[PDB]
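Structural description and commentary
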Amino acid sequence: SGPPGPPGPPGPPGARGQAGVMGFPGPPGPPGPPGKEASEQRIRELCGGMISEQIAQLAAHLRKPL
Amino acid sequence: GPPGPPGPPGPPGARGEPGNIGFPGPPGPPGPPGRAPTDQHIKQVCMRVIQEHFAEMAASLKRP
Amino acid sequence: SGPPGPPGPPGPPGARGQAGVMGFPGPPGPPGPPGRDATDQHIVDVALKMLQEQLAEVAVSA
């Protein structure tokens, strides 16, 4: 002579979902800048004497007498 | 006769959903600069130009 | 009285669990490609000019 007791209390909340996966890599960076050009003055300083010697040697050669 | 005791607690709920994907990463850094000419390279190009126009130099330097 | 009743039925299941945490931030992208090298043309430009100048200077002495 006993009635079954009431249903029990609500169970515990479920386990947390698994952590999300890492995001995709970002896009490639931009192209680097183009290479810097030597100044006219730098080129003139580096090549002035060379051009002069060559012209000198050639003028001399073309005036030779045999 | 007295009533029985309340039942046991219910089962643990359902495991939640997976979390979302993380943010995308930042853009990479810029590439390295192009190379500038070295002094020696500059000299080498000038000598090439001289040789490539030697003919024009001779025609200009020709005597009567 | 008499005998007590059996234990009642189980309770209902608890709520669903919270959703997982958001993932880690993605890594930086890779470096961009290198910039283009300075071409030789800007050197040729000046060499040709110098060559012209000095040929003229020479010719001037007539």
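Presented here is an overview of the structure given in this document. Counting starts from 1 on each chain and follows the sequence as written, independent of the entry's numbering; residues without coordinates are not shown. Written order determines the labels here, with chains lettered from A and ligands numbered from 1. With hydrogens and water excluded, all non-hydrogen atoms of the structure serve as input to the side-chain values. Residues with missing side-chain atoms are left out of burial classes, side-chain pairs and their counts.

A pair of sulfur atoms, both from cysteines and within 2.5 Å, is called a disulfide here. Counting across every chain of the model gives 1 disulfide over all chains. Covalently, A:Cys47 is tied to B:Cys46 through a disulfide, its sulfur atoms 2.0 Å apart. Between A:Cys47 and B:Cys46, the disulfide has an S-S torsion of 80° and is therefore right-handed. Within this pair, whereas A:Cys47 is found in helix α1 (residues 40–63), its partner B:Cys46 is found in helix α1 (residues 39–52), the two belonging to separate chains. Each of the two residues, A:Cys47 as well as B:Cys46, counts as buried. In this text, helices come from DSSP runs of H or I with a minimum length of four residues, and strands from runs of E with a minimum of two, each type numbered from the N-terminal end. Only protein chains enter the accessibility calculation, which uses a 1.4 Å probe. A residue is then buried if its area is under 20% of the maximum for its type, exposed if over 50%, and partly exposed in between.

A separate point is the side chain of A:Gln54. When you line up the elements, A:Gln54 lands in helix α1. The exposure class assigned to A:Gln54 is buried, which follows from its relative accessible area of 16%. Whether two residues are in contact is decided by their heavy atoms: any pair within 4.5 Å suffices. Contact partners of A:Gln54, with chain neighbours within four places excluded, come to B:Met47, B:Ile50, B:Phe54 and B:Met57.

Attention shifts here to the packing of α1(A) against α1(B). Inter-axis angles, ranging from 0 to 180 degrees, are taken between N-to-C directions of lines fitted to C-alpha atoms, where helices are fitted over the stretch in contact. Running from N to C, α1(A) and α1(B) point in directions that differ by 40°, and their axes come no closer than 9 Å. When the axes of α1(A) and α1(B) are compared, the pair comes out oblique. Read as a crossing pair, α1(A) and α1(B) show a hand that is right-handed. In contact with A:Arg42, A:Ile43, A:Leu46, A:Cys47, A:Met50, A:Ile51 and A:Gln54 of α1(A), α1(B) contributes B:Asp39, B:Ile42, B:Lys43, B:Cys46, B:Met47 and B:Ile50. Ten residue types, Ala, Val, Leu, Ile, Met, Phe, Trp, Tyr, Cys and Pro, are classed as nonpolar, four, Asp, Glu, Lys and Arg, as charged, and the remainder, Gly among them, as polar. Of the residues belonging to the contact of α1(A) with α1(B), the class tally is 9 nonpolar, 1 polar and 3 charged. Working rule for angles: under 35 degrees goes down as roughly parallel, over 145 as roughly antiparallel, 65 to 115 as roughly perpendicular, anything else as oblique. Left-handed describes a crossing whose near helix is turned anticlockwise from the far helix by less than a right angle; the clockwise case is right-handed.

Interfaces are often sized by the accessible area lost when the parts come together. Contact residues are listed per partner, giving 47 residues for chain C and 47 residues for chain B. Two parts placed together each lose some accessible area under a 1.4 Å probe, and adding up what both lose gives the buried area. Summed over both partners, the interface of chain C with chain B buries about 3100 Å², with 63% contributed by carbon and sulfur atoms. Definition used for salt bridges: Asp or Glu carboxyl oxygen within 4 Å of a side-chain nitrogen of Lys or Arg. If you look at where chain C meets chain B, you find 1 salt bridge. Between B:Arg35 and C:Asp37 there is a salt bridge whose closest N-O contact spans 2.9 Å. Whenever two N or O atoms come within 3.5 Å, that pair is a polar contact, provided that in protein one can donate a hydrogen and the other can accept it, and provided that, for residues adjacent in sequence, both atoms are side-chain atoms. Inspection of the chain C/chain B interface yields 14 residue pairs in polar contact. When grouped by side-chain class, the residues that make up the side of chain C that touches chain B number 28 nonpolar, 15 polar and 4 charged.

A few words now on the environment of C:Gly11. Mapped onto the fold, C:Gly11 is located in the segment before α1 (41–60). On the basis of relative accessibility, which here comes to 9%, the residue C:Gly11 falls in the buried class. Counting along the chain gives 33 residues from C:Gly11 to C:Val44, while the straight-line C-alpha distance between them is 90 Å. If near-sequence neighbours (up to four positions away) are discounted, C:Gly11 is found in contact with A:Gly8, A:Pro9, B:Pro8, B:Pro9, B:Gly10 and B:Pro11.

This part takes up the nonpolar core. Among soluble globular proteins, nonpolar side chains are generally buried collectively. Within this scheme, the nonpolar core is defined by two criteria: the residues are buried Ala, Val, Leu, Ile, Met, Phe, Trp, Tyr or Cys, and they are joined through side-chain atoms within 4.5 Å. In this structure, A:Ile43, A:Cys47, A:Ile51, A:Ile55, B:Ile42, B:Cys46 and B:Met57 are the most contacted members of the largest nonpolar core, which totals 22 residues. Looking at this core, the elements with two or more residues in it are α1 of chain A, α1 and α2 (54–61) of chain B together with α1 of chain C. Filtering out sequence-adjacent residues up to four positions away, B:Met57 remains in contact with A:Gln54, A:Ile55, A:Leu58, B:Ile50, C:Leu51 and C:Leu55.

Remember, this is a structural readout, not a statement about activity or role.
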